[PDB]
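Breakdown of the fold
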Amino acid sequence: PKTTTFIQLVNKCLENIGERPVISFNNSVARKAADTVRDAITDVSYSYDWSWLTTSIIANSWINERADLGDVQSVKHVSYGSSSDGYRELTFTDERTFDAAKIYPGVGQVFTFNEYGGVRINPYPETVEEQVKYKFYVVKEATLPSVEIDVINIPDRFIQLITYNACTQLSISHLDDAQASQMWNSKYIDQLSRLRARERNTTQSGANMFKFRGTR
Amino acid sequence: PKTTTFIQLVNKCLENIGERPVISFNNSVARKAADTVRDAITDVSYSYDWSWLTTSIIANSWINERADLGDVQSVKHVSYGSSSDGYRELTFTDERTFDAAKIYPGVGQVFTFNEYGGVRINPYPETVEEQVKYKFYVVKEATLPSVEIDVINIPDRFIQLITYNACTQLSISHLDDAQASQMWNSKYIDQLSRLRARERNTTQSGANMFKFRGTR
Amino acid sequence: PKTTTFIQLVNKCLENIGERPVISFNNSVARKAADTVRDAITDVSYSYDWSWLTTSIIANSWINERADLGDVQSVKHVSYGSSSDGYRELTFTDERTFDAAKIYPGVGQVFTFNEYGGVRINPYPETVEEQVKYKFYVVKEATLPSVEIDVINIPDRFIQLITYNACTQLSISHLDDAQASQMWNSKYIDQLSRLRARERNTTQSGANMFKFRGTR
Amino acid sequence: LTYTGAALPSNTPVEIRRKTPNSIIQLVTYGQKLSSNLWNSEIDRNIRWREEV
Amino acid sequence: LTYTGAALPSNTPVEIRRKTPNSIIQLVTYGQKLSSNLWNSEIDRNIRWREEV
Amino acid sequence: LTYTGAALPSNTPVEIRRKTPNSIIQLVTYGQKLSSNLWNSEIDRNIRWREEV
Amino acid sequence: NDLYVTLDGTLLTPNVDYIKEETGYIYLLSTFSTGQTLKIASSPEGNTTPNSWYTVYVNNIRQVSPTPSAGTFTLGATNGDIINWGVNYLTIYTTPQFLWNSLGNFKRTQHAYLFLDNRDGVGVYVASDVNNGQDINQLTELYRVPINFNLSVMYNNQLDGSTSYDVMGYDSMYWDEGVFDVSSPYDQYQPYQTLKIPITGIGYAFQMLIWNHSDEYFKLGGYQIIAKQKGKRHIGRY
Amino acid sequence: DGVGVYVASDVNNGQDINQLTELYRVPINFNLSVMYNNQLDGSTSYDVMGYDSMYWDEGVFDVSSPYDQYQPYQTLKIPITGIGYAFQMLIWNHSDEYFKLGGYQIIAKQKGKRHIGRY
């Protein structure tokens with residue numbers, strides 16, 4: 001599960017690169033290792049659309065027609081409705097076509113991206129009961145730990161992948177050893193390739209080139 | 001059988017890499033060897049859909065319509081029923097199509113993946129008697145030992161593969177010997193190639209491109 | 001969010017290149033690191049049409065027919081109208097075709113580029129209420145911080161990419177180490193490739209080769 | 001804030017106040033760098049509690 | 001203190017209290033010189049507010 | 001806590017509550033050092049007073 | 001942790017209640033008052049065995065040191081037994097610092113090979129050394145001169161190094177570690193021994209101390225350190 | 001010689017004991033100038049041991065400033081970027097501060113013969 005802490009991950013990376021254990025981020029070695037581990041976590045999050053990063057959420061806040069989703073890697077789909085009534089997908093349009101129509105309150109039909117972390121929906125909801133009826137299919141960013149006792153919000157069985165990436169970056173930074181960096185990178189790339197090839201978001205029996213859009 | 005212990009595997013890896021066998025994980029080389037052995041076990045588990053990892057289980061716990069399967073590498077198929085009545089396989093749908101329908105209690109017809117280690121089934125069971133009729137065809141994660149006297153939940157005829165992988169990683173980390181790591185990796189890759197070519201989940205007589213999906 | 005400071009990024013780069021973290025840009029290495037960080041921010045801004053750089057704005061100031069947009073990387077589209085009435089896109093013409101017609105006040109129909117940071121619109125608005133009705137789809141420049149406590153106007157999940165680029169340039173300049181520069185460049189290029197492949201401005205379902213131009 | 005509890009009756013007067021927890025952000029140890037951010041955060045928490053009271 | 005307002009009624013009791021404002025004197029910036037005066041001032045602000053409460 | 005006082009009537013409900021004194025741990029008049037003990041002591045006194053209130 | 005620190009009789013923690021510094025100072029981390037008594041005594045085995053500063057032999061058998069009372073201690077030995085007791089002293093050999101002629105380049109150490117001469121320790125007690133009808137099996141095949149020492153390696157001019165404590169092995173019999181018919185440690189019985197101690201660490205300068213603070217004897221005949229050279233990426237200890 | 005600090009028994013005439021206690025008896029700090037092309041207009045790094053007073057985000061807890069003085073043996077890496085056919089170092093001081101240089105090393109790279117002169 002999620003039981004690995006930031007200090008343990010830093011210590012694992014330090015022993016893998018060849019340094020002594022630490023008890024806190026009070027020295028420069030542990031500080032640089034913590035920064036490297038945060039960078040490696042972000043890189044592993046960017047490497048794939050992981051199941052522990054993909055989720056369906058509602059908007060954090062709403063401006064008139066722009067809903068703010070905070071810090072997410074990307075937005076895949078937008079739906080309107082409830083679980084007891086069903087969800088209807090909204091059609092994606094580019095910004096120019098979205099701006100070509102009047103922006104008025106109502107029930108959402110189209111959506112577009114506005115700057116960073118924002119989705120503009122037309123027609124837009126004006127009440128909270130209507131705002132909470134919109135589902136956003138997003139890929140979350142990895143939560144970065146800050147202190148020693150912070151529990152990493154990543155399953156324990158990807159900690160070795162994170163360790164390989166952090167060890168590559170630590171061989172680059174702390175040791176400046178290209179051979180060790182290449183070896184750790186080879187480990188990381190092989191691990192990531194197998195993980196991405198084996199863990200996909202659909203089943204083999206469901207992997208098909210035919211999708212039933214509609215008959216209109 | 002499953003009679004190999006974590007301390008024995010660590011001692012084997014240490015003796016192969018050139019260190020003295022230990023009686024406990026008290027010094028740095030033994031701790032690093034234990035961590036490397038856990039990483040190698042995870043790597044071997046991810047290398048293939050092993051027979052000692054493939055199994056059929058029921059959900060650990062249920063939220064209203066989401067079943068939590070704990071930590072499994074992948075979910076292959078979902079079935080409803082009992083052994084005295086037969087099992088009917090559910091049809092996989094993507095999240096957008098799954099959310100397009102009303103979620104109500106009943107007998108499961110479709111399923112999808114939700115976040116990490118969770119399967120959403122519609123219609124969903126509301127009682128434990130109905131919940132225990134759902135079979136999940138999953139690939140388990142490798143159980144990682146925690147102390148010296150823990151018995152590894154892996155047959156002893158794959159301990160040599162695990163040892164080769166652990167020796168590769170230990171040559172990377174401890175010895176800093178690219179040539180030794182390459183030799184151990186060649187041994188591991190050749191062993192794994194033969195094991196995967198000879199050990200498959202269907203027989204040669206049953207290996208066919210035709211599967212009967214019945215005249216819908 | 002946007003909580004990373006210029007001094008924090010400079011200290012990160014200094015630690016990554018092997019220098020002691022500073023509290024102010026007082027020594028030559030800190031000044032060089034600050035200049036390199038600003039250059040890397042500009043480089044990352046030039047690398048892609050980032051969502052934190054793309055926006056729709058109005059003109060900063062107007063000369064008779066020339067609207068000044070300040071310092072923007074490029075201008076994509078120009079629209080006229082309001083949000084409650086809709087926006088109509090203007091047609092782009094080359095400078096020679098634009099100059100072939102009379103320049104008179106009115107409602108904008110065509111636009112062109114004039115020198116640096118300027119768009120000429122014909123017909124042009126003469127009042128502020130008509131000037132504020134023009135929307136420019138531009139790609140902004142990256143805002144460069146000036147002092148230690150300035151907050152970088154970039155989300156915290158691109159700070160590591162900026163750090164990789166700044167470390168490449170710092171390996172070129174300060175360390176004079178081609179191998180370290182190549183290692184940092186490989187890290188930066190790999191992460192940038194993944195980011196550009198995964199974070200685009202349209203969805204996969206919206207990515208189509210057909211765009212509707214309406215039956216002129 | 002997001003409510004995920006039981007369905008409230010119609011027009012329930014929901015009231016939200018602020019209550020800063022009485023807890024330390026972090027213990028500083030031997031050899032720890034003096035953190036201006038930590039000092040500001042502790043002072044801000046004290047100010048928040050005083051304003052709440 | 002001085003007073004400048006409306007005429008009070010017959011021998012009205014005015015009773016002045018102390019109310020320390022809930023605000024930070026200085027926001028400590030990054031890499032700034034440590035100020036013993038500022039440290040003591042912040043601690044004294046907290047102590048004064050506690051004593052008034 | 002021992003009691004050495006006057007005679008107490010039978011079945012007297014004695015209640016003990018905690019009350020952190022409102023005083024400085026020590027004044028900072030130096031600039032060559034800053035002790036984590038002092039930092040944690042001031043923060044702990046503040047937190048203790050907040051909890052008691 | 002070679003100190004026994006008491007504050008008004010209360011035992012303090014080596015890292016939670018105080019700090020052992022590199023300059024002969026003890027830094028107090030906890031809260032204390034003026035006028036309290038701080039006693040720092042020599043306890044080489046730490047807070048667990050405060051009486052470990054002296055060794056007691058009863059019939060050439062090392063005993064657990066009892067707690068002294070007013071500078072005097074008592075033993076539950078049989079009348080006529082020979083008792084030898086004395087104070088332990090600290091023995092240290094320090095190697096010259098190795099920097100590979102570079103003040104900035106890291107050196108990751110891999111192994112330390114120590115060549116020890118055990119000819120003075122391969123002697124054992126015989127049945128004719130029994131006194132006052134003691135347990136003959138406790139004395140016979142027992143090494144007259146025990147051999148064991150500690151190896152500490154420090155990096156980057158700092159004194160917070162990594163220590164391997166008992167490199168010759170255990171002085172008692174352990175399952176899956178001891179051998180038959182050879183008294184523990186079995187590495188002592190070889191007249192000339194080579195010990196391979198893994199010392200994994202990174203620093204621009206590394207240094208070894210071979211030390212001891214017990215009744216044990218060592219005779220280092222040589223040493224060798226294996227290391228690899230890395231980049232100049234040292235920043236400091238804080 | 002500089003890792004020694006003042007104790008509470010050194011207080012005189014009831015002075016501020018906190019200003020004296022944990023204060024280094026012998027301060028250690030110096031200036032480092034690097035001189036190029038036989039010209040005396042060198043580049044100087046002024047306080048290499050660090051500040052003698054506590055600074056936010058720079059000083060450490062429970063260690064008197066400078067915290068680099070409290071290590072019995074210290075290695076300082078001063079980055080000195082410059083171009084010249086001849087370079088030279090001056091370790092100097094003009095205060096009540098003490099230093100004891102046990103060794104030094106310069107890292108440099110070679111470039112091909114393009115010196116023209118000072119003016």
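Under the PDB entry, the name given to chain G is Tail tubular protein B, and the organism recorded is Anabaena phage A-4L. According to the record, the entry carries the title "Cyanophage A4 portal-tail complex".

As annotated in the PDB entry, chain A carries the name Tail tubular protein A and is attributed to Anabaena phage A-4L.

Topic: the overall build of chain A
What chain A contains, in helices and strands, is 6 helices and 9 strands. Rg of the C-alpha trace for chain A: 22 Å, well past the compact-globule value of 17 Å for 216 residues, more than 25% over. Taken along its principal axes, the extent of the C-alpha atoms in chain A is 65 × 40 × 35 Å. Relative to its full complement of 216 residues, chain A shows a buried share of 58%.

Some details on the environment of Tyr3(E)
Residue and element names in this part refer to chain E. The residue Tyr 3 is located in the segment before α1 (36-52) in this model. Here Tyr 3 falls in the exposed class, since its relative accessible area comes to 57%. For the pair formed by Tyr 3 and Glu 15, sequence separation is 12 residues and the distance between their alpha carbons is 13 Å. Engagement of the side chain of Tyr 3 in a polar contact is seen with the backbone oxygen of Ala 6, the distance being 3.0 Å.

Brief notes about the arrangement of the chains
Here chain B and chain C are not in contact; the least distance found between their C-alpha atoms is 12 Å. What separates chain C from chain D at the closest point of their C-alpha atoms is a distance of 12 Å, and the two make no contact.

Description of the relation of the copies chain B and chain A
Of the transformation placing chain B onto chain A, the axial shift is 0.0 Å and the rotation is 30°, giving an RMSD of 0.3 Å. Little of the interface of chain B is mirrored in chain A: 2% of its interface residues are interface residues there too.

With respect to helix α1 (residues 6-17) of chain A
Residue and element names in this part refer to chain A. A rise of 1.5 Å per residue sets the reference length of α1, with its 12 residues, at 16 Å; its end C-alpha atoms lie 17 Å apart and thus fit the reference within 8%. In terms of residue burial, α1 counts as a mostly covered element, since 11 of its 12 residues are buried. Inspection of α1 places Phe 6, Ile 7, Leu 9, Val 10, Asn 11, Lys 12, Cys 13, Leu 14, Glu 15, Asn 16 and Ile 17 among the buried residues, and these make up the whole buried set. Following α1 by one or two positions, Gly 18 adopts a phi angle in the positive range, close to 115°.

Brief notes about the sheet that holds strand β1 (residues 54-57) of chain B
All names here are of chain B. Here we have 4 strands laid out as an open sheet, ordered β1-β9-β4-β5, and antiparallel in their pairing. One side of each edge strand has no neighbouring strand; the edge strands of this open sheet are β1 and β5 (86-89). Neighbour-to-neighbour, the strand axes of the sheet open up by a mean angle of 35°, direction not taken into account. Examined bridge by bridge, β1 and strand β9 (residues 134-140) share 4 bridges and lie antiparallel to one another. Residue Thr 54 lies in a different strand from β9, and its bridge partner there is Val 139.

A few points about the interface of chain B and chain A
With 41 residues of chain B in contact, the opposing surface of chain A contributes 38 residues. Of the roughly 3300 Å² buried where chain B meets chain A, counting both sides, 49% is carbon and sulfur surface. Looking only at chain B, the three residues that lose the most surface to chain A are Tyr46(B), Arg96(B) and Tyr116(B), adding up to 22% of its buried area. Summed over the shared surface of chain B and chain A, the result is 3 salt bridges. Here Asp94(B) ties to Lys211(A) by a salt bridge, and the two come within 3.2 Å at their closest N and O atoms. Linking chain B with chain A are 16 residue pairs in polar contact. Contributing elements (two or more residues each) for the side of chain B that touches chain A: α2 (28-47), β4 (72-82), α3 (95-99), β7 (110-113), α5 (159-175) and α6 (178-198) of chain B. The element contributing the most residues to the side of chain B that touches chain A is α2(B), with 9 residues.

Let's talk about a nonpolar patch on the surface
Residues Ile80(H), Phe87(H), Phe99(H), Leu101(H), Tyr104(H) and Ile106(H) make up a contiguous nonpolar surface patch of about 550 Å² in total accessible area. Mapping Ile106(H) onto the fold places it in the segment after β3 (87-92).

Remarks on the environment of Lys2(B)
All names here are of chain B. Along the chain, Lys 2 falls in the segment before α1 (6-17). Residue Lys 2 is classed as partly exposed on the basis of its relative accessible area, which comes to 37%. Residues in contact with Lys 2, not counting those within four places in the same chain, are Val 151, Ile 152, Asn 153, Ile 154, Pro 155 and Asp 156. A polar side-chain atom of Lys 2 sits 3.2 Å from a polar atom in the side chain of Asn 153.

Comments concerning the nonpolar core
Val10(C), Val37(C), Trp50(C), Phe158(C) and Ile162(C) are the most contacted members of the largest nonpolar core, which has 41 residues in total. In terms of residues, this core owes the most to one element, helix α2 (residues 28-47) of chain C, which gives 8 residues. Of all hydrophobic cores here, the second largest spans 40 residues; its members include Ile162(A), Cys167(A), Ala180(A) and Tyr188(A).

Rules behind the numbers
Residues numbered from 1 in each chain as written, not as in the entry; some residues may be left out. Chains lettered and ligands numbered in written order. Part of a larger assembly, values for the part shown. Heavy atoms only, no water. Helix = DSSP H or I, 4+ residues; strand = E, 2+ residues; numbered from the N terminus. Rg over C-alpha atoms; globule rule 2.2 N^0.38 Å. Buried < 20%, exposed > 50% of the residue type's maximum accessible area, 1.4 Å probe, protein only. Polar contact = N/O pair within 3.5 Å; in protein donor to acceptor, adjacent residues only side chain to side chain. Contact = heavy atoms within 4.5 Å. Least-squares fit on C-alpha atoms. Expected span 1.5 Å × (residues − 1). Pairing = 2+ DSSP bridges. Axes fitted to C-alpha atoms, helices over the stretch in contact; angles between N-to-C directions. Buried area = accessible area lost by both parts, 1.4 Å probe. Salt bridge = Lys/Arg side-chain N within 4 Å of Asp/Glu carboxyl O. Patch = residues over 30% accessible without salt bridge, like charges linked within 9 Å, V, L, I, M, F, W, Y side chains within 5 Å. Areas by Shrake-Rupley, 256 points an atom, 1.4 Å probe, with all protein chains shown as cover. Core = buried A, V, L, I, M, F, W, Y, C linked by side-chain atoms within 4.5 Å.

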